[PDB]
Amino acid sequence: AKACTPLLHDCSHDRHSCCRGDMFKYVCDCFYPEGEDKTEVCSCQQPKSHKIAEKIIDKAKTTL
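Residue numbers for the sequence shown follow my numbering, so the first one is 866 and each next one is one higher.
Here it is, written out as structure tokens:
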């Protein structure tokens, strides 16, 4: 109960609990695998901004 909820972690209990990012805060994704009113599975993920950013960075780096 000291650390935070980084990428690939349980955030179903809190979507705004995930760790902060360099540009923005991570995003908590949710899914209902045949159980929307039973048990929703959520996990910490990165926003479209962070994703795209990394992609470009990595691409250029490997391109240079």
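Note that CB positions come from ideal geometry on N, CA and C, so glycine has one too.
Based on DSSP bridge pairs, tell me the residues matched to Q911. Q911 is not bridged to any residue.
Where DSSP assigns a beta bridge to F896, which residues make up the other side? Beta-bridge analysis with DSSP links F896 to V906.
Alpha carbon to alpha carbon, what distance is there between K920 and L929? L929 and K920 have their C-alpha atoms some 14 Å from each other.
To the nearest whole angstrom, what separates the beta carbons of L873 and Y891, a pair I think is in contact under 8 Å? The beta carbons of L873 and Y891 sit about 10 Å from each other, so the pair does not count as a contact at 8 Å.
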